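Below is one structure, written out as structure tokens, with a few remarks after it.
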Amino acid sequence: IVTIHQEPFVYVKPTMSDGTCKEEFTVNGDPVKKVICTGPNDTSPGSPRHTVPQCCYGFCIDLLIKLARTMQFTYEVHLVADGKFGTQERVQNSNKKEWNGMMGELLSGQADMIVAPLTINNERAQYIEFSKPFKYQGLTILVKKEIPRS
Amino acid sequence: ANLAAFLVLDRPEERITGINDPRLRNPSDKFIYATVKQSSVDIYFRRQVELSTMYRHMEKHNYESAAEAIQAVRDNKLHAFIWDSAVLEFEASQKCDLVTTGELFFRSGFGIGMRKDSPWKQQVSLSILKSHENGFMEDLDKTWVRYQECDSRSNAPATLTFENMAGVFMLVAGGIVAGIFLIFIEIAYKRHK
Amino acid sequence: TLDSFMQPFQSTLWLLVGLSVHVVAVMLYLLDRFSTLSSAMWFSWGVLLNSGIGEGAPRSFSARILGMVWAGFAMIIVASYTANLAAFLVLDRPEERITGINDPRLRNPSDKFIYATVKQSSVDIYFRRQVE
Amino acid sequence: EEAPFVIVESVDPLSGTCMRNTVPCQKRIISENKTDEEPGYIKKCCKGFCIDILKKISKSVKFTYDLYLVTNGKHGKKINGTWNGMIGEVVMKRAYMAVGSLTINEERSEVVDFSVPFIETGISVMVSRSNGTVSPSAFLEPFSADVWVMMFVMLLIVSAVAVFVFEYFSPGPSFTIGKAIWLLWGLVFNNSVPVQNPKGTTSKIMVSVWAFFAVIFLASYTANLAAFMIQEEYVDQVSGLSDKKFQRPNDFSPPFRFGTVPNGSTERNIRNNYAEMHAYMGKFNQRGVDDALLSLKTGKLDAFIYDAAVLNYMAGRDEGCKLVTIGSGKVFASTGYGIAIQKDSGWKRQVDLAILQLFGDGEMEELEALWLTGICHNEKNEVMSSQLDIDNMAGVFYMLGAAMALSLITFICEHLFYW
Amino acid sequence: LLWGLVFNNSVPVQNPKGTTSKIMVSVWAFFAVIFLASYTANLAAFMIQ
Ligand SMILES: N[C@@H](CCC(=O)O)C(=O)O
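In structure tokens, the structure reads:
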């Protein structure tokens, strides 16, 4: 399975010196469940081309654990190298057209499932199957508060 | 009459509201906005031919990740960032210096991707349909999406703080240092008369 | 705008503020005497009417404490009264009439809002060509 | 035939046809006498948001369609094992597609393939808007307790030190501190509490600055008092279908009554999870959306559970503004509508692709603006024409009450100290 | 006396004696407070246009 970094969904914190994630309790009083990833280095695969085990947890990870418990399968989650959601590069320069990023990794046979905030539209649903929505949403704009000091 | 007039009813009407707002229709160099490259918003943003020129502006600058974009808009660099509703809402909740403004458009939820043919693709759908009306999704949303750090912008009547109170307090306290001088000069004049 | 000057305040509020002055006057007089009466009544009336009548203030300690807050109560009353009457004397009017041709009132026409034109004319012809 | 997703109009009075942007629907009546037969052959015309969606679909997937109305059930529930209604009509091979307000749940999706949703839907309670009270002690609102105690200590300090040294240094009784506190209180309070003025140039110089501060203080104070004496905070009746008021209605002072329309998706969803809640709701079951709306308006009910989209539409396009949905747009078990297609079909992929292309085209926003906008959906207008009732002023009367109590205790205190 | 009361106040004045005079002065002070609250309702708007 391949996942991508996202502010509210998936967190990526460095593991402890021992090799296990630092168990931290939540506010409700339940132990937070975390999974260990195998993600790329700090910046990119460009200069520091090397993978490192990290810690992953969040909403998508909890849903993944729930599914793995309810239908009894196993998984080995790992991040995406390109760090892009996915786009079909069809430049006529190389006479070939192919997907990049998460969809490029999925279609190439690297992974079997994508548990991440992947949207639904025509071009992406043309090639792969999309399950029922797990959260509804939309598109909006974000600005900085003026804080009127008149 | 004048001091109350500048102490009430002084604020911008509203931020950008519509997607077809003339500012985005004719994009200038003063008003800057961008999104994340290689993503669905740009694909749907380049399919609207009626705003093709705007896409040119969108083609000017595209960030690598959403975190870099938020860090840029954080430090007074970018003016408006178009993204998903849930992520921007959670960012405005946690990071309390930014505000989401506008009406939603191009509404499409998040679905689990999978291969062209697979039995897992057949029963994960039924599994999510069963787990969504059983209180699991609402509980997960209340646990991981519902923090509510700041308060709200409920109404227009805003209370006062210790902003001008310090000024009027200094103005009051200033009087005694001149009063003692005037008293000394009064004793001096009484001595001479 | 109503044709009156007692509008910004309810009638029961007027009755309560009319009883309160007498109650505080009687209390002040009794406390200052048993620890000047008509003088205390004029004082309690003048501190509220803001008029310059009223010869002297009470000498009792608790009477002074009571008058000190009674004066502030009367001022808060006067300030609130002045604040509300200006509020209904400014900024009170409909925003605007119907503006657009596609305004939802004309989109869904009810029996309360009536409008028509002249029969056998060009406006009706162009008004029957808009299928929407 | 339901909310304006789809609506049916009768035959033209004289034209005997149906107007532009309209498709003819067939209706079969079997409620006549059963003597020989009557297959109720009636032709009406259908129109709406959902028929525009069907038109946009069929104008690109390239087929032709007949329409027909179901006369078995509203939407369909599993009674004894035989699905009857729209789902029954689809599963009985008498038709192929089902368009309208069909919801996507587990059972119907298990028996019939569903397309991608084109609108949001969920469970939401709608209640009549209740009156809200005004926050007491609001007279101290356009200030801070910090600046209150700051004014207190400032007055005390400046009065005492300044006026005392000014009266003692520079050349009616002598200037007591009682006169000092009495004079400075009146000036700040706007005035008229009779007071005796001191003598000496420095004292008058200080009194001038204090009067300037007093006129400053009371012009800022009275800038927006009318706004602070009007605003009221509303309260929600119940948080949702999770509190004791809905789950456990047995231990309740005069019982809160709520119900819904039976034979639907929400009814099954409530019956599966909440047993006692459904058992209590069985008594107050309604028989239609209009009858339930009028019964909730008249006062015979105080909570209505139905689909979120249609309730929002009815709250928006309502005569005046009387009722509102709870939570201000909350949705429980957020699902969506769709289009039912026969099991093991091939048109499903083309239908989904056409719907996704319509989404990517932006026509959905225009259709929603044309058929889904409401009048009362806009925020409440500016609140004016107040009455200044007894609440906000009794909030101040409490100060006179406390002051009279303090005077009463100080009187007996001084009387005992005299002995 | 009557000028000061209408003008908002403080021009020092000497108060009369007699119940009827004070009764009339009370109504005049009520009229004065009425007059000056209507007067100062929108002065900022009239001093700007
Ligand atoms: N939309 C519902 C019917 C209305 C309701 O139950 O609220 C259904 O298809 O079952």
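Chains as they are written, first to last, in PDB author numbering: chain A, 400 to 549; chain B, 649 to 841; chain C, 550 to 584, 602 to 698; chain D, 412 to 582, 597 to 844; chain E, 608 to 656.
Cβ coordinates follow ideal geometry from the N, Cα and C atoms, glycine included.
Item                                                                                                                                                 : Value
The segment 565-573 of chain D in contact with the segment 556-569 of chain C per 3-pair CB rule at 8 angstroms                                      : no
Beta-bridge pairing of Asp732 of chain B - partner residues as DSSP gives them                                                                       : A:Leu538
Contacts of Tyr692 of chain B in chain D (Cβ-Cβ under 8 angstroms)                                                                                   : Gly785
Which of helix, strand or coil DSSP assigns to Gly707 of chain D                                                                                     : coil
Under 6 angstroms, CB to nearest heavy atom of ligand 1: contacting residues                                                                         : D:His486, D:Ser512, D:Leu513, D:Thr514, D:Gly689, D:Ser690, D:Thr691, D:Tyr731 and D:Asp732
Test item: CB-CB of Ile468 of chain D and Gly761 of chain D under 7 angstroms                                                                        : no
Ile764 of chain D (DSSP reduced to helix, strand or coil)                                                                                            : coil
Distance CB(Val501 of chain D)-CB(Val523 of chain D) smaller than 7 angstroms                                                                        : yes
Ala524 of chain A versus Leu541 of chain A: straight-line alpha-carbon distance, rounded                                                             : 28 angstroms
Proximal chain B residues relative to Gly500 of chain A, where beta-carbon distance stays under 7 angstroms                                          : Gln686
Contacts around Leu672 of chain B, its chain only, beta-carbon distance under 8 angstroms, and the 5 residues preceding and following it disregarded : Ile664, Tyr681, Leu699 and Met702
For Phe484 of chain A and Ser687 of chain B, believed in contact at Cβ under 8 angstroms, the rounded distance                                       : 5 angstroms
Contact set between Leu562 of chain C and chain E, taken where Cβ atoms lie within less than 8 angstroms                                             : Within chain E, no residue comes near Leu562 of chain C; the closest Cβ sits about 16 angstroms away, beyond 8 angstroms.
Terminal residues of the beta strand (DSSP E) in which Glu751 of chain B lies                                                                        : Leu746 to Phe753
Cβ-Cβ distance between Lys433 of chain A and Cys459 of chain A below 7 angstroms                                                                     : no
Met706 of chain B: first and last residue of the uninterrupted alpha helix (DSSP H) it sits in                                                       : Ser700 to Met706
Alpha-carbon spacing of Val566 of chain C relative to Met576 of chain C, whole angstroms                                                             : 15 angstroms
Listed by chain order, chain C residues near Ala828 of chain D by CB distance under 9 angstroms                                                      : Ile631, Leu632, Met634, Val635, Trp636 and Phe639
C-alpha gap between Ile667 of chain B and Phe754 of chain B, whole angstroms                                                                         : 11 angstroms
Chain-ordered chain D contacts of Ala524 of chain A [CB-CB under 8 angstroms]                                                                        : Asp777, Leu778 and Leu781
Cutoff 6 angstroms; reference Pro450 of chain D; Cβ partners in own chain excluding five residues on either side                                     : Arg439
Buried/exposed call for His571 of chain C, threshold 16 Cβ in 10 Å                                                                                   : exposed
Separation of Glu522 of chain A from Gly785 of chain D, as counted between CA atoms                                                                  : 10 angstroms
Proximal residues to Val747 of chain B (C-beta, below 7 angstroms), its chain only, five neighbours per side dropped                                 : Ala740
Chain-order list of residues whose beta-carbon lies under 6 angstroms from that of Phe529 of chain A (same chain, five-residue window excluded)      : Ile519
CB of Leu792 of chain D within 7 angstroms of CB of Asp477 of chain D, strictly                                                                      : no
Minimum C-alpha distance to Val417 of chain D - residue among D:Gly511, D:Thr433 and D:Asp557                                                        : D:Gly511
Cβ of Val656 of chain C within 7 angstroms of any chain E Cβ                                                                                         : yes
CA-to-CA distance, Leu748 of chain D to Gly459 of chain D, given in whole angstroms                                                                  : 25 angstroms
Coil, strand or helix - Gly666 of chain B by DSSP                                                                                                    : coil
Beta-carbon neighbours of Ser549 of chain A, restricted to chain B and to distances below 8 angstroms                                                : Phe654, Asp658 and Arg659
For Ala640 of chain C, three-class secondary structure by DSSP                                                                                       : helix
Neighbour flag for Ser426 of chain D against chain A, beta carbons, 7 angstroms                                                                      : no
First through last residue of the beta strand (DSSP E) which encompasses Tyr479 of chain D                                                           : No beta strand (DSSP E) holds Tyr479 of chain D; DSSP gives it neither H nor E.
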